Amino acid sequence: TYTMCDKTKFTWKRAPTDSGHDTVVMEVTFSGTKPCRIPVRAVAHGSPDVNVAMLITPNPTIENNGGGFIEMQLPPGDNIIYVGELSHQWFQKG
Amino acid sequence: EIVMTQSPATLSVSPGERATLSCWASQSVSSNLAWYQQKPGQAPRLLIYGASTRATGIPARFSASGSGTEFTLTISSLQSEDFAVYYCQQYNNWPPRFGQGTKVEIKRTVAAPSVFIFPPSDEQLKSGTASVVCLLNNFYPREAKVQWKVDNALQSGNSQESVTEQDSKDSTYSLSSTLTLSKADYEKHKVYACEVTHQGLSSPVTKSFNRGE
Amino acid sequence: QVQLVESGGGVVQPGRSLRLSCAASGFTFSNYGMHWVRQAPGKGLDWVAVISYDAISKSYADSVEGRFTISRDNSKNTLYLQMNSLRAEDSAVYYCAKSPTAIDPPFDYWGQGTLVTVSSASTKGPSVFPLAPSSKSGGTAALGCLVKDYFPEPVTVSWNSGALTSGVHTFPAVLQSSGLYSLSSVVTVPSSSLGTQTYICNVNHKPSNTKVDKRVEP
Ligand code: NA
Ligand code: NA
């Protein structure tokens, strides 16, 4: 029911980091029109067509006042997390 | 939804002076506030986005500021092309919402209208209807009152009015008003008069004609 | 470079349907959100709908939700607005508006707009009558043309085929109780010119294919 957040208006509030409990966590700041559903994905390097972000937060959103937290699992190897156009490389251990 | 209010509704300033326009949001819209200019008969144009950033090709005499619930647009040294309608728009929250606009008009001295009256043409009269046209030419300010009298009786409900945009050359307005009678009713009366009240007239001005004469 | 051309406007009867389109050129259409904004005659700007660059996201103003559908063809660089169940209060100039980003406002470029008139009235060309100059209209005489009982808007007027522009006032039309419009157009000229120069108003009503030139004589 929400539109997708404008993919040009994200920056990192807390960059991708290890959560302890075998997941990857991150926070984003969004400066555009709210509320909206956060477009999030990830790819294995050299495999741009296949999303590999397995979302633990399955419907991340920016609300009128809050939102921005994303948790995912990723496969081992060199990955890139995208939140809209915002990216961050994430190497995942086996 | 967010209610956007602009103040004042109309602003009269002389050329070269500064115009300050206000925009109010019913709740905070951070800095996601835009300003648009719209000239008569044209599409709007983006002036300001992000509350204070000038859009491309916008000259430097336009500046804006604000965040949260109060925003102002300032035009320094008004040039004749700057006179137009200005709208704010919040785009912090769906649905994006325009304010109702602020008309910026050229302020000048008081100018009384020139009044002209036009009887119905003979071509219209053979069609069964009769329109009498009153013209108020080149007056300021915009407020003017026109009363129709037929054989000295004040008319009501049979006339419509229209006002031009401010003249770019002399900053005046003009007004046309049409009185419409059936041909039969038109031929039952003699004196058709247009009575004009306006701030530059010491007392109301009547222009009239006698049907046939 | 950037251009947005709307089309599809016109008269439509209440309860029926209209599709507007907007053809884009001069920019990579498929990278940007597109919006529809509307403006009723003499009123303020009124946001209608948005569609994201990739058509995945749409949102509508409440006054049109469930009746309008926005869509886009990115291989044809075209934006559409499908309008169902039209009401008189939907009558407006409709603008397509480009976003500088993927979906959000503001609106960095605007089309010229297309006029939607929701009405039962039949198209009709105006009758053009002369507003003759007289003494009742010092060195100045007023004359003009009365452009009466036409539908729909717009009509254009010129004087002497565009050669007489100074001192000309063409007023906004008034909508009469009949559902037809009337407008007048006037010129002030030196009163000594009446006896030498011809004054002829040119009235063009594209909707009904009417073209009229009335000579206005004293
Ligand atoms: Na957004
Ligand atoms: Na709006």
Side-chain angles (χ1 to χ4, degrees), chain A residues 3 6 33, chain B residues 1-4 6 23 29 32-49 55 84-102, chain C residues 2-9 18-24 27 29 32-53 57-65 67-72 78-83 86-87 89-118:
Chain A
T3 59
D6 196 305
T33 316
Chain B
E1 319 182 7
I2 286 72
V3 173
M4 303 302 289
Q6 288 175 246
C23 170
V29 295
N32 283 320
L33 185 104
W35 293 90
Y36 300 86
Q37 175 192 82
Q38 191 182 21
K39 295 176 191 180
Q42 303 178 25
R45 169 173 201 189
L46 182 63
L47 295 168
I48 299 290
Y49 65 96
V85 181
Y86 295 83
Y87 299 90
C88 69
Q89 171 196 37
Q90 72 85 16
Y91 59 99
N92 198 52
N93 165 251
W94 302 100
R97 215 86 157 283
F98 288 104
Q100 83 282 6
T102 286
Chain C
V2 161
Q3 296 209 358
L4 301 159
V5 182
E6 298 95 330
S7 58
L18 252 202
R19 190 183 209 205
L20 316 185
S21 55
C22 164
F27 65 104
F29 184 69
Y32 300 99
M34 296 297 296
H35 301 242
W36 285 102
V37 176
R38 68 184 183 184
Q39 182 167 43
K43 311 291 170 200
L45 301 164
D46 181 23
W47 180 78
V48 176
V50 55
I51 186 168
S52 64
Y53 70 116
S57 296
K58 309 165 168 193
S59 197
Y60 299 92
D62 269 1
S63 53
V64 305
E65 165 91 20
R67 293 182 310 120
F68 292 14
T69 290
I70 191 174
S71 70
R72 65 193 293 155
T78 303
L79 166 74
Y80 305 97
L81 191 68
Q82 171 66 43
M83 304 182 294
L86 282 158
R87 304 145 174 168
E89 58 270 7
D90 292 313
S91 306
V93 175
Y94 286 72
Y95 299 103
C96 60
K98 172 190 175 306
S99 162
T101 51
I103 184 174
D104 290 357
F107 302 146
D108 54 348
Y109 294 89
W110 297 66
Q112 83 285 345
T114 182
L115 182 63
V116 173
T117 294
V118 179

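Residue numbers start from 1 in every chain, and the chains themselves are labelled A, B, ... in the order their sequence lines are given, proteins ahead of strands. What you see below is based on every heavy atom in this structure, not just the backbone, and it leaves out hydrogens, waters and symmetry mates.
The side-chain heavy atoms of B/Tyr36 and C/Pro106, taken from C-beta on, include a pair separated by under 4.5 Å. A heavy-atom distance below 4.5 Å is found between the side chains of C/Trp36 and C/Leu79. You'll find the side chain of C/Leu45 stays beyond 4.5 Å of the side chain of B/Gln89, heavy atoms only. Side-chain contact between C/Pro105 and C/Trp47 is absent, with no heavy atoms from C-beta onward closer than 4.5 Å. Annotation: side chain of C/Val50 is in contact with side chain of B/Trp94 (closest heavy-atom distance under 4.5 Å). Two residues are said to be in side-chain contact when any heavy atoms from C-beta on lie closer than 4.5 Å; B/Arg97 and B/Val29 fail this criterion. Taking 4.5 Å as the limit, every side-chain heavy atom of C/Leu20 sits out of range of all side-chain heavy atoms of C/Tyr95. Side-chain contact between C/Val116 and C/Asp90: absent, with no pair of heavy atoms (C-beta onward) separated by less than 4.5 Å.
Between C/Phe107 and C/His35, the ring planes are tilted. Angles from 30° to 60° get that label.
Rounded to the nearest 0.5 angstrom, B/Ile2 CD1 and B/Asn93 CG are separated by 3.5 Å. Separating the CH2 atom in B/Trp35 from the CG atom in B/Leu46 is a distance of 12.5 Å, to the nearest 0.5 Å. Here the CD atom belonging to B/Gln37 is positioned 11.5 Å from the OH atom belonging to B/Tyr87, to the nearest 0.5 angstrom. Atom CD1 of C/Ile70 sits about 12.0 Å away from atom CD of C/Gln82, to the nearest 0.5 Å. For the atom pair CD of C/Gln39 and OH of C/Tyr94, the computed distance is 12.0 Å after rounding to the nearest 0.5 Å. Put simply, CD on C/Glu89 and CG on C/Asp46 are 11.5 Å apart, with the number rounded to the nearest 0.5 Å.
Side-chain N or O atoms of B/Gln6 include one that pairs as donor or acceptor with a backbone N or O of B/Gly101 at under 3.5 Å. Side-chain N or O atoms of C/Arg72 include none that pairs as donor or acceptor with a backbone N or O of C/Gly33 at under 3.5 Å. Between the C/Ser91 side chain and the C/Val118 main chain, a donor and an acceptor come within less than 3.5 Å of each other. One N or O on the side chain of A/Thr33 and one on the backbone of B/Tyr91 form a donor-acceptor pair closer than 3.5 Å. Proximity of a side-chain donor or acceptor of C/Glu6 to a complementary backbone N or O of C/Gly113 within less than 3.5 Å is detected. Of the possible polar contacts, none joining the C/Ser57 side chain to the A/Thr3 backbone as a donor-acceptor pair under 3.5 Å is found. Side-chain atoms of B/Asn92 do not come within 3.5 Å of backbone N or O of B/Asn32 as any donor-acceptor pair.
Residues B/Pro95 and B/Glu1 approach most closely at CG-OE1, 3.5 Å, considering heavy atoms. Across all their heavy atoms, C/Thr69 and C/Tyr60 have their closest contact at CA-OH, 3.3 Å. Closest approach of B/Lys39 and B/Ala84 over heavy atoms only: CG-CB, 3.8 Å. Taking all atoms of both residues into account, the shortest heavy-atom contact from A/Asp6 to C/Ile103 is OD2-N, 2.9 Å. The two residues C/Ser63 and C/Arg87 have their closest heavy-atom pair at O-NH1, 3.7 Å.
Around CD of B/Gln42, the count of heavy atoms belonging to other residues, nucleotides or ligands within 6.0 Å exceeds 12.
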query: Please walk me through it: do C/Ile51 and C/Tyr80 pass side chain to side chain contact (heavy atoms under 4.5 Å, CB included)?
result: CA-CA 10 Å; C/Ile51 186 168; C/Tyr80 305 97; over 6 Å; no
task: Mind running side chain to side chain contact (heavy atoms under 4.5 Å, CB included) on C/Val37 and B/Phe98 for me, showing each step along the way?
output: CA-CA 10 Å; C/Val37 176; B/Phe98 288 104; 3.9 Å; yes
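Remark: C/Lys98 is not positioned above the aromatic ring of C/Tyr109, lacking an NZ or CZ atom under 6.0 angstrom from the ring centre and at most 45 degrees off the axis.
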